[PDB]
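Q: Got a file for you: my_file.cif, mmCIF, C-alpha atoms and all ligand atoms.
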```
data_structure
loop_
_atom_site.label_atom_id
_atom_site.label_comp_id
_atom_site.auth_asym_id
_atom_site.auth_seq_id
_atom_site.Cartn_x
_atom_site.Cartn_y
_atom_site.Cartn_z
CA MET A 1 93.03 88.56 32.37
CA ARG A 2 92.09 87.54 35.90
CA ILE A 3 92.03 90.40 38.40
CA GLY A 4 91.86 89.80 42.14
CA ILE A 5 89.98 92.18 44.40
CA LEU A 6 90.72 92.08 48.14
CA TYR A 7 87.89 92.89 50.53
CA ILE A 8 87.66 92.86 54.32
CA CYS A 9 84.37 92.86 56.21
CA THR A 10 84.16 91.68 59.81
CA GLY A 11 81.70 92.21 62.64
CA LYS A 12 78.73 94.14 61.29
CA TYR A 13 80.53 95.34 58.13
CA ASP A 14 78.97 92.47 56.18
CA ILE A 15 76.01 94.80 55.70
CA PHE A 16 78.22 96.73 53.26
CA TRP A 17 79.16 93.74 51.05
CA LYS A 18 75.96 93.39 49.03
CA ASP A 19 75.43 96.75 47.36
CA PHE A 20 79.17 96.63 46.73
CA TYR A 21 79.01 93.15 45.17
CA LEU A 22 76.13 94.14 42.87
CA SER A 23 77.75 97.45 41.92
CA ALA A 24 81.02 95.67 41.20
CA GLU A 25 79.33 93.54 38.57
CA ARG A 26 77.46 96.42 36.95
CA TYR A 27 80.59 98.48 36.62
CA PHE A 28 83.80 96.59 37.28
CA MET A 29 85.16 94.06 34.73
CA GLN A 30 82.60 94.81 31.99
CA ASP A 31 84.28 93.71 28.77
CA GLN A 32 85.01 90.10 28.31
CA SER A 33 88.70 90.27 28.68
CA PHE A 34 88.53 90.39 32.46
CA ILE A 35 87.27 87.99 35.18
CA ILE A 36 86.60 89.22 38.69
CA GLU A 37 87.53 87.23 41.79
CA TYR A 38 86.29 88.31 45.22
CA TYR A 39 88.47 87.46 48.22
CA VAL A 40 86.28 88.17 51.22
CA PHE A 41 87.55 87.99 54.80
CA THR A 42 84.75 87.72 57.25
CA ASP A 43 83.88 86.37 60.60
CA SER A 44 80.51 85.42 59.32
CA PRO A 45 79.56 82.11 57.84
CA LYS A 46 77.37 83.64 55.19
CA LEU A 47 78.05 86.16 52.51
CA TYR A 48 75.70 87.51 49.90
CA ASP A 49 74.96 86.14 47.60
CA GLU A 50 77.06 83.11 47.77
CA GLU A 51 76.54 79.60 46.38
CA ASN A 52 75.56 81.09 43.10
CA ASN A 53 78.80 82.54 41.95
CA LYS A 54 81.83 80.41 42.17
CA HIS A 55 84.36 83.07 41.78
CA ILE A 56 83.63 84.80 44.92
CA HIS A 57 85.67 83.17 47.63
CA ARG A 58 84.80 83.35 51.33
CA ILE A 59 87.89 83.33 53.50
CA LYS A 60 87.45 82.61 57.19
CA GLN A 61 88.79 85.29 59.51
CA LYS A 62 87.74 86.36 63.01
CA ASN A 63 87.20 89.85 64.46
CA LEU A 64 90.27 91.72 65.72
CA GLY A 65 88.43 94.99 66.41
CA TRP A 66 89.77 98.54 66.23
CA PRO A 67 92.47 99.30 65.28
CA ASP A 68 93.89 95.85 64.54
CA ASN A 69 91.33 95.21 61.77
CA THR A 70 92.93 97.85 59.51
CA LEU A 71 96.38 97.74 61.06
CA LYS A 72 96.95 94.03 60.41
CA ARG A 73 95.12 93.86 57.08
CA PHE A 74 98.33 92.90 55.32
CA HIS A 75 98.82 89.84 57.51
CA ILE A 76 95.28 88.94 56.48
CA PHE A 77 96.32 89.03 52.80
CA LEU A 78 99.32 86.78 53.49
CA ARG A 79 97.44 83.91 55.13
CA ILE A 80 96.62 83.00 51.53
CA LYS A 81 99.74 84.36 49.75
CA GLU A 82 100.41 81.36 47.48
CA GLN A 83 96.80 81.35 46.30
CA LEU A 84 97.08 84.87 44.90
CA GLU A 85 99.97 83.94 42.65
CA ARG A 86 98.27 81.18 40.67
CA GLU A 87 94.75 82.66 40.32
CA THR A 88 95.46 86.40 39.95
CA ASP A 89 97.49 88.87 37.88
CA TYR A 90 96.33 92.24 39.24
CA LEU A 91 95.30 93.10 42.80
CA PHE A 92 93.11 95.74 44.42
CA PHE A 93 91.70 96.70 47.81
CA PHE A 94 88.34 98.37 48.28
CA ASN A 95 86.98 99.88 51.49
CA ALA A 96 83.87 98.15 52.88
CA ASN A 97 81.65 101.20 52.45
CA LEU A 98 82.68 101.80 48.86
CA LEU A 99 80.26 101.77 45.95
CA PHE A 100 80.47 102.05 42.18
CA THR A 101 78.69 104.72 40.16
CA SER A 102 80.56 104.93 36.85
CA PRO A 103 82.15 102.19 34.68
CA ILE A 104 85.79 101.26 35.22
CA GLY A 105 88.20 99.42 32.90
CA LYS A 106 91.80 99.17 31.79
CA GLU A 107 92.49 102.84 32.56
CA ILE A 108 93.48 101.94 36.11
CA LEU A 109 95.75 98.97 35.37
CA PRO A 110 99.45 99.86 35.81
CA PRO A 111 101.61 99.39 32.70
CA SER A 112 103.69 96.20 32.90
CA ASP A 113 106.95 98.04 32.22
CA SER A 114 106.61 100.18 35.36
CA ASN A 115 106.80 99.40 39.09
CA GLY A 116 103.22 98.13 39.10
CA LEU A 117 101.63 100.02 41.98
CA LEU A 118 98.53 102.18 42.39
CA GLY A 119 97.43 104.81 44.88
CA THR A 120 94.55 107.27 45.25
CA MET A 121 94.54 110.87 46.43
CA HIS A 122 92.70 111.48 49.68
CA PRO A 123 89.37 113.31 49.20
CA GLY A 124 90.13 115.73 52.02
CA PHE A 125 93.79 116.41 51.26
CA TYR A 126 93.84 116.75 47.48
CA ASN A 127 93.45 120.53 47.65
CA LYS A 128 96.00 121.00 50.44
CA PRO A 129 99.80 121.43 50.51
CA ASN A 130 102.56 119.43 52.20
CA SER A 131 102.16 121.47 55.40
CA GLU A 132 98.84 119.73 56.09
CA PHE A 133 99.58 116.08 55.35
CA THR A 134 98.91 113.87 58.37
CA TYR A 135 101.87 111.50 58.13
CA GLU A 136 103.62 110.07 61.19
CA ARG A 137 106.10 112.46 62.75
CA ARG A 138 107.53 110.24 65.45
CA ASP A 139 111.10 109.23 64.69
CA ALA A 140 111.07 105.82 66.38
CA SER A 141 108.22 104.80 64.08
CA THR A 142 108.67 103.04 60.76
CA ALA A 143 106.08 105.43 59.37
CA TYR A 144 108.19 108.50 60.26
CA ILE A 145 108.50 111.19 57.57
CA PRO A 146 109.36 114.86 58.28
CA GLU A 147 108.24 118.12 56.64
CA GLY A 148 108.97 119.52 53.19
CA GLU A 149 108.81 116.08 51.58
CA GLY A 150 106.17 113.65 50.39
CA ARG A 151 104.30 114.35 47.17
CA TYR A 152 100.75 113.31 48.04
CA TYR A 153 98.55 112.05 50.83
CA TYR A 154 97.41 108.65 49.65
CA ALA A 155 94.37 106.98 51.16
CA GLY A 156 94.05 103.37 52.23
CA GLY A 157 90.57 102.99 50.81
CA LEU A 158 92.02 101.97 47.45
CA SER A 159 95.37 100.40 46.59
CA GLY A 160 96.55 97.81 44.10
CA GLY A 161 98.75 96.88 41.17
CA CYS A 162 100.37 93.76 39.78
CA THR A 163 100.11 90.71 42.05
CA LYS A 164 103.88 90.52 42.46
CA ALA A 165 104.32 94.23 43.17
CA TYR A 166 101.35 94.25 45.56
CA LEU A 167 102.31 91.11 47.49
CA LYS A 168 105.79 92.51 48.04
CA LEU A 169 103.93 95.56 49.37
CA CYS A 170 101.83 93.42 51.64
CA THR A 171 104.96 91.61 52.81
CA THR A 172 106.93 94.84 53.31
CA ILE A 173 104.46 96.69 55.56
CA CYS A 174 103.78 93.49 57.53
CA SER A 175 107.28 93.72 58.94
CA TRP A 176 107.03 97.49 59.45
CA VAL A 177 104.04 97.18 61.78
CA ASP A 178 105.55 94.14 63.52
CA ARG A 179 108.80 96.06 64.03
CA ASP A 180 106.76 98.88 65.55
CA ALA A 181 105.04 96.40 67.87
CA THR A 182 108.37 95.51 69.53
CA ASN A 183 109.12 99.24 69.69
CA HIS A 184 105.70 99.78 71.34
CA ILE A 185 104.20 102.20 68.82
CA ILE A 186 100.95 102.30 66.89
CA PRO A 187 100.90 104.69 63.99
CA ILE A 188 98.35 107.39 64.02
CA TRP A 189 96.62 106.65 60.75
CA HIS A 190 97.83 103.22 60.57
CA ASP A 191 96.72 101.91 57.16
CA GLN A 192 97.84 105.13 55.49
CA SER A 193 100.80 106.36 57.51
CA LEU A 194 102.50 103.07 56.68
CA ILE A 195 101.45 103.14 53.02
CA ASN A 196 102.39 106.79 52.39
CA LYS A 197 105.99 105.93 53.23
CA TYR A 198 105.97 103.05 50.79
CA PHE A 199 104.54 105.26 48.07
CA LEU A 200 107.28 107.71 49.04
CA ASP A 201 110.04 105.09 48.67
CA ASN A 202 108.41 103.72 45.54
CA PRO A 203 105.71 106.04 44.07
CA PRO A 204 102.94 104.11 42.30
CA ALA A 205 102.69 103.97 38.50
CA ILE A 206 99.24 105.49 38.86
CA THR A 207 97.70 108.09 41.18
CA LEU A 208 93.92 108.15 41.00
CA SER A 209 91.91 111.36 41.34
CA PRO A 210 89.51 111.44 44.32
CA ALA A 211 86.71 110.73 41.83
CA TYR A 212 87.49 107.10 42.68
CA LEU A 213 87.01 108.03 46.33
CA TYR A 214 83.96 110.27 46.31
CA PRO A 215 82.46 111.02 49.74
CA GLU A 216 78.67 111.14 49.83
CA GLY A 217 77.10 114.56 50.29
CA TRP A 218 80.25 116.34 49.14
CA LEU A 219 80.53 118.88 46.34
CA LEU A 220 83.69 118.18 44.36
CA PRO A 221 84.90 119.38 40.93
CA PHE A 222 84.56 115.80 39.70
CA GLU A 223 82.11 113.28 38.32
CA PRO A 224 81.35 110.45 40.77
CA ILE A 225 83.03 107.17 39.85
CA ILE A 226 83.54 105.24 43.08
CA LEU A 227 81.73 106.45 46.17
CA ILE A 228 82.12 106.35 49.93
CA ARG A 229 78.90 105.53 51.75
CA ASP A 230 78.35 107.78 54.74
CA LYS A 231 78.66 105.80 57.98
CA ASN A 232 76.81 108.25 60.21
CA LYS A 233 73.57 107.46 58.39
CA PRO A 234 70.99 105.99 60.79
CA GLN A 235 71.15 102.68 58.92
CA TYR A 236 74.74 102.13 59.89
CA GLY A 237 75.45 104.19 62.98
CA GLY A 238 79.09 104.98 63.30
CA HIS A 239 79.55 102.11 65.58
CA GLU A 240 80.43 98.62 64.78
CA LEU A 241 82.55 96.68 67.22
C1 LIG B 1 90.18 106.21 53.37
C2 LIG B 1 90.46 106.76 54.73
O1 LIG B 1 91.31 107.62 54.92
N1 LIG B 1 89.71 106.27 55.72
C3 LIG B 1 90.20 105.63 56.93
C4 LIG B 1 89.32 104.43 57.28
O2 LIG B 1 87.99 104.71 56.86
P1 LIG B 1 86.90 105.02 58.00
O3 LIG B 1 87.64 105.21 59.29
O4 LIG B 1 85.96 106.09 57.48
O5 LIG B 1 86.14 103.60 58.01
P2 LIG B 1 86.62 102.34 58.89
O6 LIG B 1 87.97 102.57 59.51
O7 LIG B 1 85.46 101.90 59.75
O8 LIG B 1 86.81 101.25 57.73
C5 LIG B 1 88.03 100.50 57.70
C6 LIG B 1 87.97 99.44 56.62
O9 LIG B 1 88.68 98.29 57.10
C7 LIG B 1 87.90 97.10 56.95
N2 LIG B 1 87.33 96.63 58.22
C8 LIG B 1 86.44 95.64 58.13
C9 LIG B 1 85.84 95.13 59.26
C10 LIG B 1 86.14 95.68 60.50
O10 LIG B 1 85.60 95.23 61.53
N3 LIG B 1 87.03 96.68 60.59
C11 LIG B 1 87.62 97.18 59.50
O11 LIG B 1 88.44 98.11 59.66
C12 LIG B 1 86.69 97.49 56.13
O12 LIG B 1 86.89 97.18 54.75
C13 LIG B 1 86.55 98.98 56.33
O13 LIG B 1 86.04 99.60 55.16
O14 LIG B 1 89.76 103.19 56.72
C14 LIG B 1 90.60 103.33 55.58
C15 LIG B 1 90.86 101.98 54.92
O15 LIG B 1 92.04 101.42 55.50
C16 LIG B 1 91.90 103.95 56.06
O16 LIG B 1 92.56 103.01 56.90
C17 LIG B 1 91.66 105.19 56.90
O17 LIG B 1 92.08 104.91 58.24
#
```
Output the file's structure in the form of structure tokens.
Ligand SMILES: CC(=O)N[C@H]1[C@@H](OP(=O)(O)OP(=O)(O)OC[C@H]2O[C@@H](n3ccc(=O)[nH]c3=O)[C@H](O)[C@@H]2O)O[C@H](CO)[C@H](O)[C@@H]1O

A:
Amino acid sequence: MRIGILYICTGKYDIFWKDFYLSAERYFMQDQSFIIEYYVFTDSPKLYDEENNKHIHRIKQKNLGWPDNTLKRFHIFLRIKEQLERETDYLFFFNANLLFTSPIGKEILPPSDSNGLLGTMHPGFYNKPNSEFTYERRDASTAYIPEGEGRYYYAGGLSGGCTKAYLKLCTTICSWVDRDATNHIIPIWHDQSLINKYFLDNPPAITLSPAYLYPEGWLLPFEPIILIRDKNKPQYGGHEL
């Protein structure tokens, strides 16, 4: 089947796209059943390595800067809503600085009988209890959730599921941020604080171990599968804006 993979890279984050694109081929979508379709949102005219592979689709999108670039990601997925219904069956989002290390496959695709959602544990909060989750604790916010509840702390570096179930997600949170905008609030950990609520209302069919979000340099009780490139390396410099 045809699986769609969402990817955002604006400003200088187009430096991350390449090693990701190559790694995606080596490891993602290996066995013939599956065909990969890149949906890239960039300011830039040119994306590596284009021309050559049809599937990859460059989608024009300007720079909104921090924090709007991760806050309004879901409005970015809806500019092309109708397109995602005819050309895709499953959806996924990968962080710009992600990288593949070990093969992937059908193990991450939600069963069709379930809700059809996917989340991933956060690498820093997988060994911690509810007391330490960094949700949003302001009542007037749509991302408000108090103490003693919430099962996990999901990260926004990876999320997906069936196209239907994921678009409804995209459409849901789009209102939630917009509603906050009229209430004059910006959530603390905007991509996540919003998402964690949604995964609280409707917990994903799958929760992926932080092996799929492996920070570089770290020592975890896991085998690397998908990796997080370290931004404070002198090649990247923390700062892109
Ligand atoms: C996994 C995690 O807990 N990390 C945080 C953050 O990672 P970091 O704060 O470590 O990285 P970041 O916020 O610079 O990256 C945000 C991601 O959004 C996209 N992008 C692209 C171009 C651009 O100009 N700005 C931009 O934000 C891009 O794919 C990038 O990977 O981002 C995650 C992805 O949502 C979450 O939101 C969290 O806030």

Q: Within 8 Å of stretch 1-20 of chain A, which residues of stretch 88-206 of chain A show up? Give each one with its shortest atom-to-atom distance in Å (one decimal) and the two atoms involved, counting all atoms listed in the file, rows by chain then rising residue number, as JSON lines.

A:
```
{"residue": "A:88", "atom": "CA", "partner": "A:2", "partner_atom": "CA", "distance": 5.4}
{"residue": "A:89", "atom": "CA", "partner": "A:3", "partner_atom": "CA", "distance": 5.7}
{"residue": "A:90", "atom": "CA", "partner": "A:3", "partner_atom": "CA", "distance": 4.8}
{"residue": "A:91", "atom": "CA", "partner": "A:4", "partner_atom": "CA", "distance": 4.8}
{"residue": "A:92", "atom": "CA", "partner": "A:5", "partner_atom": "CA", "distance": 4.7}
{"residue": "A:93", "atom": "CA", "partner": "A:6", "partner_atom": "CA", "distance": 4.7}
{"residue": "A:94", "atom": "CA", "partner": "A:7", "partner_atom": "CA", "distance": 5.9}
{"residue": "A:95", "atom": "CA", "partner": "A:7", "partner_atom": "CA", "distance": 7.1}
{"residue": "A:96", "atom": "CA", "partner": "A:16", "partner_atom": "CA", "distance": 5.8}
{"residue": "A:97", "atom": "CA", "partner": "A:16", "partner_atom": "CA", "distance": 5.7}
{"residue": "A:98", "atom": "CA", "partner": "A:20", "partner_atom": "CA", "distance": 6.6}
{"residue": "A:99", "atom": "CA", "partner": "A:20", "partner_atom": "CA", "distance": 5.3}
{"residue": "A:100", "atom": "CA", "partner": "A:20", "partner_atom": "CA", "distance": 7.2}
```

Q: When distances are computed from all atoms listed in the file, which of A:177, A:59, A:155, A:185 shows the smallest separation from residue A:139?

A: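 Closest to residue A:139 of all the choices is A:185.
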
Q: Here is a test: counting only C-alpha atoms and all ligand atoms, which residue of A:191, A:25, A:147, A:50 is nearest to ligand LIG 1 (chain B)?

A: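 Nearest candidate to ligand LIG 1 (chain B) out of A:191, A:25, A:147, A:50: A:191.
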
Q: Hey, can you check how far atom CA of residue A:179 sits from atom CA of residue A:193?

A: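 Separating atom CA of residue A:179 from atom CA of residue A:193 is a distance of 14.6 Å.
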
Q: Any idea what the distance is between atom CA of residue A:41 and atom CA of residue A:118?

A: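 One can read the atom CA of residue A:41 to atom CA of residue A:118 distance as 21.8 Å.
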
Q: Atom CA of residue A:119 and atom CA of residue A:203 are how many Å apart?

A: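 Result for atom CA of residue A:119 versus atom CA of residue A:203: 8.4 Å, one decimal.
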
Q: Extract, using all atoms listed in the file, all DNA, RNA and protein residues at most 12 Å from stretch 224-229 of chain A, discarding same-chain residues fewer than 6 positions from it, and format them as JSON, numbers by chain.

A: {"A": [15, 16, 17, 19, 20, 23, 24, 27, 28, 94, 95, 96, 97, 98, 99, 100, 101, 102, 103, 104, 105, 120, 122, 123, 157, 158, 208, 209, 210, 211, 212, 213, 214, 215, 216, 217, 218, 235, 236, 237, 238]}

Q: Using all atoms listed in the file for the distances, tell me which of A:43, A:37, A:149, A:178 is nearest to ligand LIG 1 (chain B).

A: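 Closest candidate: A:43.
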
Q: Could you name the residues that touch residue A:76 at 9 Å or less, counting all atoms listed in the file, but leaving out those on the same chain fewer than 2 positions away, as a compact mmCIF listing (two decimals) with C-alpha atoms, keeping the file's coordinate frame?

A:
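Result file result-v7.txt:
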```
# COMPACT_ATOMS: atom_id res chain seq x y z
CA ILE A 8 87.66 92.86 54.32
CA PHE A 41 87.55 87.99 54.80
CA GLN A 61 88.79 85.29 59.51
CA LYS A 72 96.95 94.03 60.41
CA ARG A 73 95.12 93.86 57.08
CA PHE A 74 98.33 92.90 55.32
CA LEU A 78 99.32 86.78 53.49
CA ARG A 79 97.44 83.91 55.13
CA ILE A 80 96.62 83.00 51.53
```

Q: So, counting all atoms listed in the file, which residue among A:143, A:36, A:71, A:186 is closest to ligand LIG 1 (chain B)?

A: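 Using all atoms listed in the file, ligand LIG 1 (chain B) sits closest to A:71.
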
Q: Rank nothing, just name the residue among A:33, A:70, A:44, A:196 nearest to ligand LIG 1 (chain B), using all atoms listed in the file.

A: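 Among the listed residues, A:70 lies closest to ligand LIG 1 (chain B).
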
Q: Taking all atoms listed in the file into account, which of A:69, A:207, A:83, A:141 comes nearest ligand LIG 1 (chain B)?

A: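 Smallest distance to ligand LIG 1 (chain B) is found for A:69.
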
Q: Quick one: everything within 9 Å of stretch 51-58 of chain A, counting all atoms listed in the file, minus sequence neighbours fewer than 5 positions away in the same chain. Send it as a VMD selection string.

A: chain A and resid 35 to 42 45 to 46

Q: Would you mind exporting the chosen residues as a PDB file, in the coordinates of the input, restricted to C-alpha atoms?

A:
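Contents of result-v5.pdb, as written:
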```pdb
ATOM      1  CA  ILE A  35      87.270  87.990  35.180  1.00  0.00           C
ATOM      2  CA  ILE A  36      86.600  89.220  38.690  1.00  0.00           C
ATOM      3  CA  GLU A  37      87.530  87.230  41.790  1.00  0.00           C
ATOM      4  CA  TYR A  38      86.290  88.310  45.220  1.00  0.00           C
ATOM      5  CA  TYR A  39      88.470  87.460  48.220  1.00  0.00           C
ATOM      6  CA  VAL A  40      86.280  88.170  51.220  1.00  0.00           C
ATOM      7  CA  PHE A  41      87.550  87.990  54.800  1.00  0.00           C
ATOM      8  CA  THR A  42      84.750  87.720  57.250  1.00  0.00           C
ATOM      9  CA  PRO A  45      79.560  82.110  57.840  1.00  0.00           C
ATOM     10  CA  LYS A  46      77.370  83.640  55.190  1.00  0.00           C
TER      11      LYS A  46
END
```

Q: Would you list the contacts of residue A:136 as a PyMOL selection string, taking every protein, DNA or RNA residue within 7 Å and counting all atoms listed in the file, but skipping same-chain residues closer than 2 positions in sequence?

A: chain A and resi 134+138+143-145+187-188+193

Q: Which neighbours of residue A:192 fall inside 9 Å, counting all atoms listed in the file, when residues of the same chain fewer than 5 positions from it are skipped, and could you give them as a list in words?

A: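 Returned residues: residues 135, 153, 154, 155, 156, 157 and 197 of chain A.
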